[PDB]
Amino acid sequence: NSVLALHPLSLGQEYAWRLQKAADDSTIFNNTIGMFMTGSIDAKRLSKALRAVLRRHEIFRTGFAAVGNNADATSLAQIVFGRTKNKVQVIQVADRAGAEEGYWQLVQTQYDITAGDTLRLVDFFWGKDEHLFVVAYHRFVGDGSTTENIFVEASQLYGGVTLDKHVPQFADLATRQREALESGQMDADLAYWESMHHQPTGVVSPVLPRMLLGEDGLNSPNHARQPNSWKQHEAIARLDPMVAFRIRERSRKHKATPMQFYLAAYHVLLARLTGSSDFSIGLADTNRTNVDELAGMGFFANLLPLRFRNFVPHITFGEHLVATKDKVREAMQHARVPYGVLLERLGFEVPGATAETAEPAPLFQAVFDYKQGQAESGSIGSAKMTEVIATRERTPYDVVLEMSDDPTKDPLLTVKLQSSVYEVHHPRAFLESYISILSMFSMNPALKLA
């Protein structure tokens, strides 16, 4: 079928392509989100809805092709096809265990991105109107907001809504961002981040120490980082609803947001466990800043590398909360820079997910990713969502805290630690310490940091 247009990779796609190239096996960069739901969904109506979502958005009918014959891989470009090459499936399984098996197969799926095979949209169904609806995506075509948008579009279409004819297409938006960089309009943002991260001429960027969790412990393991293709151990917990309540109250009274409270508390725990007084945390940000960016599909998400440097343990948590609020507000004035272009400017190498190296991530080794959506805004037909299973791509970061704060549930916390550094029980030990520290500070923000 037809090729409509060709485009360069977006800035974010381009850095992601370098990560993928450096990895032994890019299957580790698959993303797979399963939503368990209970209730009637008509297969034909759902599949028609999802087919229309595929047709609407160019990025869901995009392939990614080599430029030249022996770059070898120096350029990839987006090829926008007239019609999608992705498919929708509605699959009968025996029972929930069958559905879960299908899910974990989708986690290992081989995307043929050259051919525009970039998404899986699968409704596994069993029993009395039970479902597991899975959205799986190659890195280049999606992100958490895109997954929300798919559910919401599919729900509305299923329910007979006529979506707007106007669709903000990914390449159009990505080109505007590239032009802003080329034309010098990101230069002030770049200088902000470059100055934040500048070092004395000697001195290597400090990297986060190993956290003392520990496997018990007394007397440090202090062993070499063991190459593991960025395999992560994880643990997940729901936060007590009274702790969440106190956090909302004390955040408001400090003129801060709950996100800033969670981030501040994460920083304090990292400082405690490492003994570092100067390290950075990558703050996840959607990088969607206007109506069209919010409605669009594709890979927009970014990381903002906050440096927490001149650390003072005797200030109160309340004081630290306010200072962290100001740090985030300042960062958000300079949020448009894709972190890979900063990294390149600062001279970093692309990290490799392999069996022969396990180097810390460039610039920052901790990430914080907080989102507040309502899952139920994308409920479909008469099915109600009960539970999400999420398997996002591997990343190089030593410690990652991902949270959902759906205003109609309790906050859900996920901690991921690199297996190259940490043991199988360490994510839970960190998560327990974090919940403790949230409970203590939200009870009494006058307490000192350490």
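In this text, residue numbers run from 1 along the sequence as written.
**Student:** Using the B-factors recorded in the PDB entry, average over the C-alpha atoms of 196-204 and of 117-125, then report which stretch comes out higher.
**Tutor:** Result: 196-204.
**Student:** Mind pulling up the entry and telling me whether 212-220 or 77-85 has the higher mean Cα temperature factor?
**Tutor:** Result of the comparison: 212-220.
**Student:** Can you tell me which of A65, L50, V415, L412 has the maximum CA B-factor listed in the PDB entry?
**Tutor:** When the deposited C-alpha B-factors of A65, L50, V415, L412 are compared, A65 is largest.
**Student:** Determine which member of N31, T395, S404, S40 has the highest CA B-factor, using the values in the deposited entry.
**Tutor:** In the PDB entry, the greatest C-alpha B-factor among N31, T395, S404, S40 is found at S40.
**Student:** Sorting the chain's CA B-factors, does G282 end up in the lowest, middle or highest third?
**Tutor:** It falls in the bottom third of the chain.
**Student:** Could you say whether, by C-alpha temperature factor, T391 belongs to the lowest, middle or highest third of its chain?
**Tutor:** Bottom third by C-alpha B-factor.
**Student:** Among the chain's modelled residues, which third holds the C-alpha B-factor of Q365?
**Tutor:** It belongs to the lowest third of the chain when residues are ordered by C-alpha B-factor.
**Student:** Sorting by Cα B-factor within the chain, modelled residues only, which third would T162 end up in: lowest, middle or highest?
**Tutor:** It falls in the top third of the chain.
**Student:** When the deposited Cα B-factors of this chain's modelled residues are ordered and cut into thirds, is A23 in the lowest, the middle or the highest one?
**Tutor:** For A23, whose C-alpha B-factor we compare with every modelled residue in the chain, the answer is the highest third.
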